[PDB]
Every structure is written in structure tokens, then in C-alpha cells.
Amino acid sequence: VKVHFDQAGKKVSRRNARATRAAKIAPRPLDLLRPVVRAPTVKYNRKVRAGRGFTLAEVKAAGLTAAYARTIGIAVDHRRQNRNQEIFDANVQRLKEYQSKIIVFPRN
Amino acid sequence: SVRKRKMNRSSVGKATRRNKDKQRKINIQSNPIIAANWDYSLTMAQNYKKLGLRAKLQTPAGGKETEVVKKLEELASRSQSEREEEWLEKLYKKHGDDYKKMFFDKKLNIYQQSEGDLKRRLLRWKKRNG
Amino acid sequence: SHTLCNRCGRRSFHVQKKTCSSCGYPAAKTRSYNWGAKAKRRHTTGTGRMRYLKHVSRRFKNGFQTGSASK
Amino acid sequence: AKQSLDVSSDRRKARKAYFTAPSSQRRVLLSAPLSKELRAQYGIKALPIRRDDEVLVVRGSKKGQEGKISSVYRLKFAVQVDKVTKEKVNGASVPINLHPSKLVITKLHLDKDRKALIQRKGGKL
RNA sequence: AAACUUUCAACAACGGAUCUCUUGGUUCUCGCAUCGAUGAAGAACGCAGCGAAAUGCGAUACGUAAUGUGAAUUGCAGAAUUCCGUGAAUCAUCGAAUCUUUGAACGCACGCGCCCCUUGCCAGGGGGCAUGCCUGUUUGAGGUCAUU
RNA sequence: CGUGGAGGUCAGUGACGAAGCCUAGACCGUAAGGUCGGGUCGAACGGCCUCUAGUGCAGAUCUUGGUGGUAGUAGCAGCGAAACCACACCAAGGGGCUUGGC
RNA sequence: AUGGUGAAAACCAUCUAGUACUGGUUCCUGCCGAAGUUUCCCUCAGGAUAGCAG
RNA sequence: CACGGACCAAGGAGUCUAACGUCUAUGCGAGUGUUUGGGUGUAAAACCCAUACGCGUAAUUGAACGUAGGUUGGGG
RNA sequence: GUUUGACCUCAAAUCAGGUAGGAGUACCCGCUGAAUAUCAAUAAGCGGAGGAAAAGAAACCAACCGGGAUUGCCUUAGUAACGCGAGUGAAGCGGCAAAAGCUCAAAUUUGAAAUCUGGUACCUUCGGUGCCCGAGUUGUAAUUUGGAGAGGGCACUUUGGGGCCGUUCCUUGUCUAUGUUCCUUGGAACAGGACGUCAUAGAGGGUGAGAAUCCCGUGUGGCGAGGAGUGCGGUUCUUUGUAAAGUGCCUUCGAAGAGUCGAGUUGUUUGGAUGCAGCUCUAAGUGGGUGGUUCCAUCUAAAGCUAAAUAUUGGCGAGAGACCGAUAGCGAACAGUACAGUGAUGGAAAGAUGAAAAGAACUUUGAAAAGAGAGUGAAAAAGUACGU
Ligand SMILES: [Zn+2]
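Each protein sequence line maps, in turn, to chains L, v, j and Y. Sequential numbering of the first sequence, starting at 22, is according to PDB author numbering. Just so we're aligned: the second sequence equals residues 3 to 66, 155 to 167, 175 to 227 in PDB author numbering. Sequential numbering of the third sequence, starting at 15, is according to PDB author numbering. Sequential numbering of the fourth sequence, starting at 2, is according to PDB author numbering.
See the structure below:
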């Protein structure tokens with residue numbers, strides 16, 4: 022029999038871990054940009070949700086490479102295919118907005 | 003436990019470590035601009051909003155540019178070896194700008210570089226020297 | 015029947031069997047069982063002097079530093 | 002109210018620490034306030050007491066008595082004052098144990114370490 | 001009647017029941033990973049001036065080496081201290097030493113051998129010689145190939 | 001009705017004495033109990049609305065601790081138990097209340 | 001049952017707070033308050049139904 | 001009859017948990033449940049909810065032709 | 001050669017440089033395992049690790065307009081399914097926490113085994129260099145791990161190492177406010193009243209009884225001393241070598257884990273019919289595995305590494321409780337100690353004096369118990385058999 026007395030403690034620990042990540046990862050938003058996804062199981066197909074990472078085709082259409090995209094905070098998933106023009110266009114637009122909003126400091 | 007009682011009874015003394023307060027406090031250690039403007043009184047999300055930055059890219063769960159200008163301004167803040182230079186000069190003297198003739202030089206073009214590479218290297222040498 | 019045991023001195027060293035029923039002498043492993051919760055406590059670590067284990071915690075707190083104070 | 006998360010207000014823990022505090026900590030524990038005349042002079046409220054320090058009695062049956070200290074019983078958390086002694090039935094004289102917190106220092110004993118401590122604590126000499 | 005059986009007020013004994021408290025136990029929450037052949041846990045013998053338990057220590061033995069505090073320790077005797085000072089505490093920290101015999105226990109065993117060396121036939125003095133396996137160096141033996 | 005603890009309130013009670021205990025003292029209530037008079041005691045406790053439970057004993061051949069008869073007896077001038085312990089001579093009527101007596 | 005002990009039939013620590021009828025079941029007061037049976041699941045076992053009292 | 005009772009101080013027993021129900025009370029109401037979590041915070045306290053989820057909201061294919069029914073009683 | 005060499009194999013050395021046992025064990029992994037269905041992949045036993053372990057980037061889930069590492073929670077759900085009887089009992093999708101991808105085998109560096117272990121002397125010493133020794137060719141480095149990838153040509157793009165101070169973290173010392181004023185009582189004022197002061201400090205403890213202002217402490221900041229590191233901002237020396245990568249285009253090529261998958265049978269587990277396991281046989285490369293009405297949907301097994309959210313009655317160190325209060329709470333507040341047992345094992349009882357010992361000086365009766373005076377003490381109706 023396990024009782025979740027630590028629920029508040031677990032939440033506090035998670036918040037502290039997030040704050041530590043922010044301190045180490047201050048400039049970046051702690052999250053990788055995810056694509057929009059349409060679910061299977063028609064009971065849920067109407068719902069659109071975030072995916073793991075953008076497909077290689079979407080990354081190519083976004084004007085950047087997967088290797089470079091990862092270093093800028095874009096999740097890349099080579100397992101997902103593309104079979105919907107609307108979803109592909111939405112992902113491309115999201116990637117373009119991300120590229121137009123990101124600021125990258127010089128390596129010098 | 004037996005060991006705990008022995009340690010409490012032992013005269014060695016506990017190795018006391020007080021760090022509970024340090025868990026709440028975390029100092030920024032990845033940017034000099036944020037550190038000057040970051041306020042530890044506010045939370046991560048509040049600090050990001052104050053600085054004018056996004057702390058989450060996906061729709062966050064549950065209910066919810156005076157500084158970015160400095161970051162944008164922060165964005166505004175190779176040659177040839179001596180032996181390579183000598184090799185380029187030798188070929189330039191022997192063939193001038195005749196890239197096709199230079200390509201077939203068996204005893205000066207020791208490495209069979211392409212016409213494009215040869216012309217690019219010669220242009221770089223000319224720009225650097227003349 | 016029994017006699018003093020060098021490893022433990024519990025006077026449980028069988029003369030005929032030449033073994034100690036308490037600590038398992040001369041077996042390399044020390045005899046112990048889960049069902050013997052009281053037996054484990056009687057011989058659990060910390061009941062002795064702990065000549066070396068005592069200072070391990072203190073040494074770790076300093077990162078196992080070496081040398082001397084700079085005064 | 003206490004705000005630090007590293008400090009505990011538990012009565013049991015504080016009581017255990019006080020009784021088990023080592024002599025080094027007991028030295029800080031056995032502090033005694035300085036006289037108002039001395040406070041203006043040195044600009045300090047209290048300092049650790051020692052043998053040659055002269056102290057005045059402000060509480061207890063011996064109120065108004067003063068004398069040079071002779072021993073600091075750190076084990077018993079008590080200090081002894083010269084001429085402040087009890088008279089047993091057999092005639093033997095035993096110094097009365099007094100707490101430094103109930104006494105006021107009238108004349109400090111000055112050494113190099115005491116002088117350094119006075120400067121460290123914002124005092125003057 | 002006295003004596004003696006019995007009910008009760010007071011006085012005099014048991015025991016710590018009631019009341020008050022605790023350097024305790026139990027439960028909840030949080031940070032970290034920290035035993036050992038460079039010898040773990042555990043057991044035996046000794047060490048404080050005086051010593052039952054606890055703690056500490058190992059013939060450098062309730063400690064030795066180093067830094068901080070600055071005038072003690074205390075049940076008794078005893079020490080001093082130049083205490084305006086590289087300096088006492090059974091203080092704190094603790095990175096340097098010592099670390100008795102056993103114990104994974106490690107020379108061979110179920111008493112008892114060998115290398116070493118030394119300061120004086122012979123000996124004091126000092127460290128090692130256990131089994132499984134990995135890399136490298138040394139020696140020895142035996143199948144293939146070569147031997148005009 | 002009463003008790004351990006908690007939220008609230010009495011700008012409560014208390015070294016000029018809180019709690020507990022004793023008391024051939026009294027008051028209140030049908031009662032669980034509360035209150036006051038006197039003695040020991042010493043430092044915490046209570047009037048009231050709620051919440052909370054390891055909350056109320058007459059026995060369970062009940063547990064711990066304590067003390068009696070047995071008994072100054074069996075027994076080994078002195079030392080000294082154990083078993084047992086709801087309670088203590090008979091006639092009739094009725095298992096040891098009715099009427100009577102050695 | 002598991003793991004051990006000694007001895008040329010037992011004992012030790014856990015599963016086990018097991019396998020159900022003997023015994024006990026703690027404060028006060030007020031009001032209401034029966035039954036020992038119908039008979040269906042036939043019957044030993046008991047369930048559901050029927051009556052009394054809310 | 002019997003079972004226990006030599007006496008006394010302390011200790012001692014329908015308590016907790018998960019599912020399924022009746023009744024009572026509160027909130028909302030064809031909607032309901034903040035607290036698995038996220039934000040926030042005087043910090044296990046206190047205050048809010050984006051997306052999903054359980055329940056019900058309707059089924060012998062589908063129910064407005066009418067009080068989503070005439071008549072007779074029926075608190076009022 | 002009626003010999004002398006290359007290896008390969010096998011032994012030894014008080015050889016040089018190394019590691020292994022065992023302890024602890026709450027959690028982790030594997031094996032085994034009771035009291036035909038049920039207690040049960042439990043109890044007990046053995047072996048192997050850490051602060052977490054395992055698993056982990058699909059021969060996956062699904063049949064959808066598809067999702068895309070593993071892990072934990074709610075939901076799915078007490079449903080599907082089974083034993084249809086008592087009963088056991090999933091998983092996708094959905095929401096949440098945290099997200100990171102990679103490394104070998106496979107096709108020639110052959111225009112240079114370019115690789116690496118060890119010895120030696122130095123330096124800037126968790127390592128680097130010159131030389132030597134040995135391993136390696138029965139394959140040590142770079143280049144490729146299906147997202148493909150590789151040899152070339154065409155316009156282009158890019159680049160690292162070591163010190164110093166700061167920065168951050170760990171250890172650790174120190175500075176940082178206010179009455180002990182008056183009156184009453186008391187043995188002691190920390191009790192009541194009056195007068196005052198600080199409060200980013202009225203949390204807590206000690207001081208002869210309930211203390212913010214007596215002390216230690218607490219709130220906020222400052223000043224230090226010893227270690228870690230490159231998470232990064234300056235500071236300083238270096239690069240280089242016809243060196244290594246990336247972008248778009250054209251061109252020529254373009255490998256994939258066998259006693260393994262699979263079927264048979266026998267033991268075993270599952271509520272799953274799957275998986276696990278002895279053994280006969282043993283598969284193919286536009287091949288193979290998983291699912292359904294002619295097949296269509298999705299991956300590429302037979303190798304391995306990888307932080308995170310996940311468990312935690314052991315260890316160290318901390319913050320707390322509507323918890324218990326010496327017959328309670330751990331058996332132990334003063335113990336795994338005394339004690340009993342040849343043994344494995346069992347296993348207790350015991351807290352408080354008094355402000356401080358001021359612990360009854362001294363007289364006096366007793367071989368000895370302790371008495372009577374006497375006094376200390378707030379009280380001896382507190383005399384070490386001591387809070388009541
Ligand atoms: Zn033994």
C-alpha cells in the first residue's frame with residue numbers, strides 16, 4: 022500500500038528541477054519545437070496534438086537541415102511519414118515562424 | 003537502526019550539511035545579459051515574461155522589447178600555408194591563368210587537384226598577395 | 015560440544031564438526047538468514063568499533079581531499 | 002518568524018544541542034552583557050567572559066555584589082566570582098555558581114586576542 | 001469484665017498509581033552516494049593518575065601530525081603561564097602518521113618454514129612469501145616450415 | 001455526562017499557588033458528573049461552538065506491578081513456605097427463603 | 001512448508017495475527033418494542049419468501 | 001448444576017481500509033468532478049484551469065398531429 | 001644439415017604493472033522455490049550491481065485524414081479476455097512528468113598498420129613529448145550504420161588548444177536592534193501594573209518560576225579563507241596543413257547479425273494462447289516478421305551504449321507531525337546489557353532529589369543497623385530508599 026504523501030514534495034522537486042534547467046539553459050526555452058499531429062483511432066482523429074519531431078521532408082521544406090535544426094531547438098523524427106498536405110503546410114508554417122522568431126548568438 | 007544509534011552515541015560527531023535553502027535559490031550561469039536583468043523574486047515564467055522571452059513552446063498545461159534589443163545587438167558584436182603558397186606560385190608562374198594547361202602539369206601538380214580547386218586557390222592567393 | 019571461535023568468540027565452534035553455527039566459520043561467508051531478524055541485528059554492522067567506517071562519511075564531506083592547511 | 006529552511010525551531014533538537022554543545026560552543030553560550038558605561042566606551046553590547054574579567058551581580062540573592070571572576074565552569078554553564086562564596090556549616094567556603102547572563106561586566110581583561118575581537122565586533126579601544 | 005473477632009476518624013509502614021516534564025520512540029517530507037587486499041564488517045587483549053557502563057585510542061595506545069577559537073579541565077589529586085601568547089581544551093575542523101592478535105585473512109598446517117638485510121659460529125633490527133584471472137619481461141620443453 | 005489531541009473565543013485561571021490526591025463537609029442534576037469549604041502538593045490548566053479517537057471496565061481459568069488469610073503453619077532458641085481462598089453445628093418444609101434448637 | 005541446531009527422536013527463527021466453537025465485550029437517561037412461526041427454495045446447510053415491530 | 005471470581009493501581013477490546021447501496025445535508029444542474037498535473041504561493045499551507053477522461057443527457061431502426069395525451073378522480 | 005634458424009603450442013619466476021572473493025541489502029537483476037484450479041512467479045534459499053537498477057531508441061502500436069526511444073501516473077477499466085463457478089485480469093488510442101541520439105559487422109588506407117599497450121628522460125603530471133619494446137595483417141585507426149551511404153566534378157559556407165581573473169557550486173569563520181527603568185509579591189521575577197525602544201529580527205533554547213528588548217539565537221544584507229570545474233564573460237599565447245566538415249547541383253556505384261528464423265516434441269509461465277527451456281531437422285534475399293478481406297498497412301530481428309521523469313523500512317545529512325508519553329512509544333529515554341540455553345536462539349526490570357550539595361559540621365546510644373539532639377536548606381509533610 023503506497024500513499025502519495027509526497028505529491029506536494031514531488032511537485033516542488035519538479036519545479037526546482039525546472040528552475041535548475043532554466044538556470045543552466047537560461048537563453049533557451051527548455052523545450053524543442055514540436056509538429057502538429059492528427060491522431061489515429063477516429064474517436065480521437067478530430068483532435069490535433071503535438072508530435073515528437075518534424076519529419077525530414079518538413080525540415081527540408083523549412084529551409085534547414087535536421088542536424089542544424091536540432092542545434093536550434095527543433096525536434097526531428099525520421100520515423101513519421103507524410104500523407105496530408107494540410108498537416109505538412111501547418112508544420113512548415115510553424116517551422117518558418119520559429120526560424121523567424123529565434124535569435125542565435127554568435128559563436129565568436 | 004543500530005548504526006544510527008552508534009553514530010549518535012559516538013563522539014566523532016555528525017557531518018552536518020545545511021543546503022535546504024540552496025535548493026530554492028538557483029543563479030543563472032549561462033548568460034551575462036539575463037543575469038543582470040533576471041530577478042530571483044519572480045518565478046521562471048514571470049522572469050521570462052519580464053525579459054520578454056517564451057518559457058514554453060507547446061500549449062502549457064493548466065491555466066496561466156526593451157531587453158530583447160540588447161540580445162539582438164549582441165549579434166552585431175583562414176589562409177594558405179607557406180608550402181601551399183609556394184606550390185601555388187610555382188604553378189602560376191609556369192602556366193599563368195591557363196587552368197586547363199595547369200591541370201595536366203605532371204611534375205608541378207603533384208596532387209591532381211581539379212580545375213575549380215586550382216582556380217579557387219589561385220584567386221585566394223591573388224587576393225591575399227596580388 | 016562447542017568451543018570458542020576465533021572469528022566471533024561466541025563459544026559455538028563445534029568440536030566434532032569443526033564449524034561455528036553462529037558465524038559459519040570457517041566458511042568465508044558469514045552465516046546469516048532473513049528469518050533471523052534478531053540474529054542479523056545482533057551481528058549487523060555498527061555493533062562493533064567501526065574503526066574505519068566511522069570516518070568515511072566525514073572524509074566524503076571534504077571530497078577525500080589531501081594535503082594540509084595553508085595557514 | 003524564521004524564514005530559512007535550514008534552521009529548525011524544534012524544542013527537542015534545540016534542547017539536545019544546548020546540553021550536548023561542546024566547550025567551544027559553550028564559550029559563545031556563556032556571554033555576558035557589558036555595563037552601560039562600558040558599552041559607550043567600547044561601543045559593544047556583550048563579549049565572551051574570561052577569568053580576569055570583573056563582573057557585577059544584577060540578579061539573585063547576591064544582587065549588588067561584584068568581584069573578579071576566578072573560573073568559567075563551562076561544563077555546568079556557570080561562572081565563579083571572587084568574594085562571592087557560600088559558608089557551609091563546617092566552615093568550608095565554596096564559590097556560588099552564577100550564570101554570566103545575569104551579570105554585567107565592569108572591567109574587561111585586555112589581551113591581543115580580545116583586542117582583535119573587539120575590532121572585529123565593531124568595537125573601539 | 002479483661003483479653004480477643006469486626007465497622008470507622010486520626011496517626012505510623014509498602015508501591016509508585018494520579019498530576020507535571022524529558023538529550024526518547026514512532027510516522028511524514030527533502031539533498032546526496034560514502035565499505036574492502038593501499039587489508040571491510042565483526043571478535044579478543046591492552047591504554048586515562050585514580051574507573052563500573054559508554055566513547056576514543058593501538059606499545060607514537062581516552063592519543064601522535066596540521067589549521068581555527070583564544071585562557072582552560074573538573075567527581076578528587078595533580079599541571080602550570082609569561083595567559084599582550086606559533087598556545088592550555090576530554091574544544092572544533094581534520095587533508096599528515098601510528099594503526100596490538102584474529103577476522104575476505106593472505107608463509108605451511110591441523111605448532112611453524114624461506115628471500116632480505118643489518119648493528120655486533122651465531123643473533124637483535126625492517127618488509128614480504130595465500131588462491132582465481134588480464135597486460136608486459138625472463139627461462140625451459142615439444143608440431144610445422146626452411147637447411148648446397 | 002466524561003477523557004487524549006486540534007481550529008476558534010474567554011486582551012481566562014495561576015507562586016498572594018494550576019494540575020493531582022485526601023476529606024464521619026456542603027451545593028446542583030433522575031444520572032453519566034460539575035461545582036464549592038478544609039489538609040499535602042508543586043507550574044501548568046480551564047468556561048464555551050466545532051473537528052478529531054489508541055475515548056469510559058466488575059470479571060474474559062485476562063497482562064504487568066503490588067499486598068493479605070493460609071501461617072509464624074508444613075518444613076529445616078532461630079530460619080521458613082506451597083496448594084487453596086465469592087462467603088461460613090444441626091431438625092422439618094424447601095440447591096447451602098419459612099419455622100426452631102446445641 | 002522454508003532455512004538451521006545438536007544428537008551414533010527433538011529443538012530454534014519466519015509463512016502464521018491461519019484452520020470456529022469456550023470465554024469477555026467498558027458512560028447515563030427517555031420512547032417504541034416482538035418472536036420462537038407461516039412455508040416456498042423439499043430435507044442436515046441455508047438462503048429467498050410470509051407474520052410481528054420501524 | 002456448571003464457567004470465573006483472594007484483594008488492589010495501571011493496561012484491555014465492532015477500530016482502519018477498497019468496492020457496491022438506502023437515508024439525510026450541501027453545491028451545481030443537463031451538466032457535473034480544480035487538486036493524474038500545470039500556474040501560483042507568506043510554501044506538504046492558501047488560490048485558479050488548457051486538454052482529455054467517468055457518469056447521465058434517448059433507443060422498441062426512432063418516437064410533435066394534441067398538456068411533445070382525450071376522459072374520470074386528484075393537494076391546490 | 002649425424003646442423004642452424006622462423007614461428008605455433010605448453011610449463012615455470014618469492015618477475016614488473018593490475019583485478020577477483022567478502023560485508024551491507026529497503027529498492028534493482030537472474031536462478032530456484034512450498035505450506036491439477038486457489039494462497040503463488042508470494043514465504044524461504046543462492047548468485048550479481050548502483051544511488052537508483054532494469055529497459056530504451058521498433059522485424060512497434062494500429063487499419064486510421066494514422067502515431068513514432070524507454071520509464072512512471074490518471075484514464076482506458078474492473079472493460080476485452082479467460083476460468084463463465086467461486087474468481088483472475090490485460091494492452092493501443094487519450095491527458096500529464098521528463099525528452100538525446102548513437103556505436104560496430106558488413107563494399108581496399110594499399111600511394112606507405114597511417115592504430116595501440118608497456119619501459120626509459122623530461123615537462124605545464126587524472127596527462128604530453130623523443131626513443132625503444134611488444135600486440136596488431138587470422139585486421140589496429142579515419143571514412144557509412146538504412147535518416148541511407150561512398151569515388152569524382154560545378155558554386156559556395158564553416159572551423160580549434162592551453163593558462164589568468166571573474167562567474168557558479170561545495171566546505172567553512174565572522175559583522176549586522178532594542179530596559180534589565182520604577183512599584184507589588186516571591187528564596188529566586190522569566191508573575192501583575194506604569195513608563196519606554198526594535199521589528200525583512202514577537203521561530204526556538206538557556207538564565208534560582210510564563211522573557212523580543214540578559215544571553216545564545218532569527219530577518220536582510222557585507223566581509224572573508226580552502227577545494228571542483230570549464231555551465232560562460234573578459235583576459236593572454238597559439239594556430240596551417242595544399243587539414244577536417246556542411247550546403248545545392250551533375251555524375252559513377254550502392255554491404256545489411258544461420259545451429260539463427262521456423263516447424264516437431266517434451267517440462268514451465270500466463271486470466272494472455274504467447275513466451276521461456278532439453279533435443280531430431282533446419283530456412284531466403286526485389287528476402288524475412290507482425291495484422292484482413294486477390295492480396296494491402298508497417299518495420300528490417302538473430303550485436304551493443306546512452307542522463308531525465310521511476311522505487312527506496314539500508315547509509316549519511318536535514319525540515320516537520322491534529323502521533324505515543326516510562327505497564328505508551330523501537331525489546332532498549334537509564335539493551336541486544338544482565339540473564340537462560342552444549343548450541344542455533346530467546347531476552348528483560350530500571351527516567352525525575354534539591355536553584356545549587358548548601359549531601360546533615362558538631363554532641364550523643366549503639367561490635368552493626370541506624371537512632372536522639374543540632375544545623376543546612378523556600379520546604380527534609382525534598383535527607384542521595386530523594387519532583388506528588
Ligand atoms: Zn564463530
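For each residue, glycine too, the CB sits at the ideal point set by N, CA and C.
- Selection from v:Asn49, v:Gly213 and v:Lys204 that minimises the alpha carbon distance to v:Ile30: Here residue 30 of chain v refers to the residue found at position 28 when the second sequence is read from its first residue. The shortest Cα separation from v:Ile30 among v:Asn49, v:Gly213 and v:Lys204 belongs to v:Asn49.
- Message: Do Y:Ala33 and Y:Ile106 count as a contact pair if the criterion is CB distance below 8 Å?
- Response: Position 105 of the fourth sequence, counted from the start, is the residue given in the question as residue 106 of chain Y. Position 32 of the fourth sequence, counted from the start, is the residue given in the question as residue 33 of chain Y. A contact, by the Cβ cut-off of 8 Å.
- What does Y:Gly68 pair with, by DSSP beta-bridge criteria? On the fourth sequence, residue 68 of chain Y is found 67 positions in, with the first residue counted as 1. In DSSP, Y:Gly68 forms a bridge with Y:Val56.
- Message: Considering only their Cβ atoms, is the gap separating v:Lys216 from residue 113 of chain v smaller than 8 Å?
- Response: Along chain v, the last residue before the gap is 66 and the first after it is 155, so residue 113 of chain v carries no coordinates.
- Message: Run through chain L and tell me which residues come within less than 8 Å of v:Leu165, C-beta to C-beta.
- Response: Taking the second sequence and counting its residues from 1, the one referred to as residue 165 of chain v is at position 75. Under the 8 Å cutoff, chain L gives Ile124, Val125, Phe126 and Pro127.
- Item | Assigned secondary structure, j:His16 (DSSP; H/G/I helix, E/B strand, else coil) | As a position in the third sequence, residue 16 of chain j is number 2, starting the count at 1. Three-state result, j:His16: strand.
- Task: Name the two residues that bound the continuous alpha helix (DSSP H) containing v:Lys198.
- Result: Against the second sequence, residue 198 of chain v aligns to sequence position 101. From DSSP, the alpha helix (DSSP H) with v:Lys198 extends over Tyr196 to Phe200.
- Which same chain residues, not among the five before or five after v:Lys198, have their C-beta less than 7 Å away from its C-beta? Position 101 of the second sequence holds residue 198 of chain v. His192, listed in sequence order.
- Between the stretch 18-30 of chain v and chain L, which residues of the former have CB atoms less than 8 Å from a CB of the latter, in chain order? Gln25, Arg26, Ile28, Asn29 and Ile30
- Would the C-beta of j:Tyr39 count as close to ligand 1, meaning under 7 Å from any of its heavy atoms? Here residue 39 of chain j refers to the residue found at position 25 of the third sequence. Flag set: Cβ of j:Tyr39 near ligand 1.
- Message: What would DSSP say about L:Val58, mapped onto helix, strand or coil?
- Response: Reading the first sequence from its first residue, position 37 is the one you call residue 58 of chain L. L:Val58: strand per DSSP, three-state reduction.
- Query: Cβ of j:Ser26 within 7 Å of any heavy atom in ligand 1?
  - Reply: As a working mapping, residue 26 of chain j is identified with position 12 in the third sequence. Yes, the beta carbon of j:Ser26 sits closer than 7 Å to at least one heavy atom of ligand 1.
- Task: Specify, as a first and last residue, the run of the beta strand (DSSP E) that Y:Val105 falls within.
- Result: Working through the fourth sequence from its first residue, we reach residue 105 of chain Y at position 104. Counting along the chain, the beta strand (DSSP E) containing Y:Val105 begins and ends at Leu104 to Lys108.
- Message: Could you compute how far the alpha carbon of Y:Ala117 sits from the alpha carbon of Y:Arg51?
- Response: As a first step, residue 117 of chain Y must be located in the fourth sequence, where it is residue number 116. As a first step, residue 51 of chain Y must be located in the fourth sequence, where it is residue number 50. Approximately 15 Å between the Cα atoms of the pair.
- Task: Quick one: using the 10 Å Cβ neighbour count with 16 as the cut-off for buried, is L:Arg115 buried or exposed?
- Result: The residue given as residue 115 of chain L occupies position 94 in the first sequence. A residue is called buried when at least 16 other Cβ atoms come within 10 angstroms of its Cβ; L:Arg115 meets this threshold and is buried.
- Message: Would you say the beta carbon of v:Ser32 is closer than 7 Å to some non-hydrogen atom of ligand 1?
- Response: Residue mapping note: residue 32 of chain v aligns to position 30 of the second sequence, counting from 1. No, ligand 1 has no heavy atom inside 7 Å of this Cβ.
- Query: Regarding j:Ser46 and ligand 1, is the C-beta to nearest heavy atom distance less than 7 Å?
  - Reply: Stepping through the third sequence from its first residue, residue 46 of chain j is reached at position 32. False, no ligand heavy atom lies under 7 Å from that Cβ.
- Task: May I ask which residues mark the beginning and end of the beta strand (DSSP E) holding residue 1 of chain Y?
- Result: In this structure chain Y extends from 2 to 126, so residue 1 of chain Y is not present and cannot be described.
- Query: Quick one: which chain L residues come within Cβ less than 7 Å of v:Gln60?
  - Reply: Position 58 of the second sequence holds residue 60 of chain v. Those within 7 Å of v:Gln60 in chain L are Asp52, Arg55 and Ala71.
- If we cut at 8 Å on Cβ distances, does L:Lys45 have a partner in chain v? The count along the first sequence starts at 1 and reaches residue 45 of chain L at position 24. By this cut-off, L:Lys45 is an interface position.
- Message: Does chain v have any CB closer than 8 Å to the CB of L:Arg91?
- Response: In the first sequence, counting from the first residue as 1, residue 91 of chain L sits at position 70. Judged by the 8 Å Cβ criterion, L:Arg91 is not in contact with chain v.
- Task: For L:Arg70, name the three-state secondary structure that DSSP assigns.
- Result: Working through the first sequence from its first residue, we reach residue 70 of chain L at position 49. L:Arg70 falls in the strand class under three-state DSSP.
- Meets three-Cβ-pair contact criterion under 8 Å: the stretch 58-77 of chain L and the stretch 102-118 of chain L: yes
- chain v beta carbons: is any one of them nearer than 8 Å to that of Y:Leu6? On the fourth sequence, position 5 is the one that residue 6 of chain Y refers to. So yes, Y:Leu6 belongs to the interface.
- Query: Can you tell me the Cα-Cα spacing of L:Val22 and L:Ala29, whole angstroms?
  - Reply: Residue mapping note: residue 22 of chain L aligns to position 1 of the first sequence, counting from 1. Residue mapping note: residue 29 of chain L aligns to position 8 of the first sequence, counting from 1. Each residue's alpha carbon lies about 19 Å from the other.
- Message: Please tell me whether L:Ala29 has its Cβ less than 8 Å away from any Cβ of chain v.
- Response: Taking the first sequence and counting its residues from 1, one reaches residue 29 of chain L at position 8. Closer than 8 Å: no.
- Item | Member of L:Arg101, L:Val113, L:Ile123 and L:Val24 whose CA lies at the smallest distance from the CA of v:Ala57 | Here residue 57 of chain v refers to the residue found at position 55 when the second sequence is read from its first residue. For v:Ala57, the nearest C-alpha among the options comes from L:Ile123.
- Item | Closer than 8 Å to chain j by CB, v:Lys223 | By one-based count along the second sequence, residue 223 of chain v stands at place 126. With 8 Å as the cut-off, v:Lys223 does not count as an interface residue toward chain j.
- Is any heavy atom of ligand 1 found at a distance shorter than 7 Å from the C-beta of j:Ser15? Counting from 1 along the third sequence, the entry for residue 15 of chain j is found at position 1. Placement of the Cβ of j:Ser15 at a distance of 7 Å or more from every heavy atom of ligand 1 is found.
- Task: Use the C-beta contact count for j:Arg63: other C-beta atoms within 10 angstroms, 16 or more gives buried, fewer gives exposed.
- Result: Here residue 63 of chain j is taken as the residue at index 49 of the third sequence, counted from 1. Answer is exposed; the Cβ neighbour count stays below 16.
- Item | v:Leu44: contacting residues in chain L (beta-carbon distance under 8 Å) | Taking the second sequence and counting its residues from 1, one reaches residue 44 of chain v at position 42. In chain order: nothing, as chain L lies at least about 11 Å away.
- Measure the beta-carbon distance from Y:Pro96 to Y:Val85 and round it to whole angstroms, keeping in mind my assumption that it falls under 8 Å. As a first step, residue 96 of chain Y must be located in the fourth sequence, where it is residue number 95. As a first step, residue 85 of chain Y must be located in the fourth sequence, where it is residue number 84. The Cβ separation is near 7 Å, so the contact holds.
- Message: Using 8 Å as the cut-off, can you tell me whether the stretch 4-13 of chain v makes contact with the stretch 80-96 of chain L, which would need three or more C-beta pairs spanning the two stretches below that distance?
- Response: Fewer than three Cβ pairs drawn from the stretch 4-13 of chain v and the stretch 80-96 of chain L lie within less than 8 Å of each other, which leaves the two stretches out of contact.
- Item | First and last residue of the uninterrupted alpha helix (DSSP H) at Y:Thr86 | In the fourth sequence, counting from the first residue as 1, residue 86 of chain Y sits at position 85. Where Y:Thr86 is concerned, there is no enclosing alpha helix (DSSP H), although the beta strand (DSSP E) around it starts and stops at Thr86 to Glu88.
- Task: Please look up how many angstroms separate the CB atoms of v:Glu155 and v:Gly54, rounded, as I've assumed it's under 8 Å.
- Result: To locate residue 155 of chain v, count along the second sequence from 1; it is residue 65. To locate residue 54 of chain v, count along the second sequence from 1; it is residue 52. Their Cβ separation, rounded to whole angstroms, is 6 Å, which keeps v:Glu155 and v:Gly54 in contact under 8 Å.
- Task: With 8 Å as the threshold, decide whether the Cβ of L:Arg39 is near any Cβ in chain v.
- Result: Your numbering for residue 39 of chain L matches position 18 in the first sequence. At a cut-off of 8 Å between C-beta atoms, L:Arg39 counts as an interface residue with respect to chain v.
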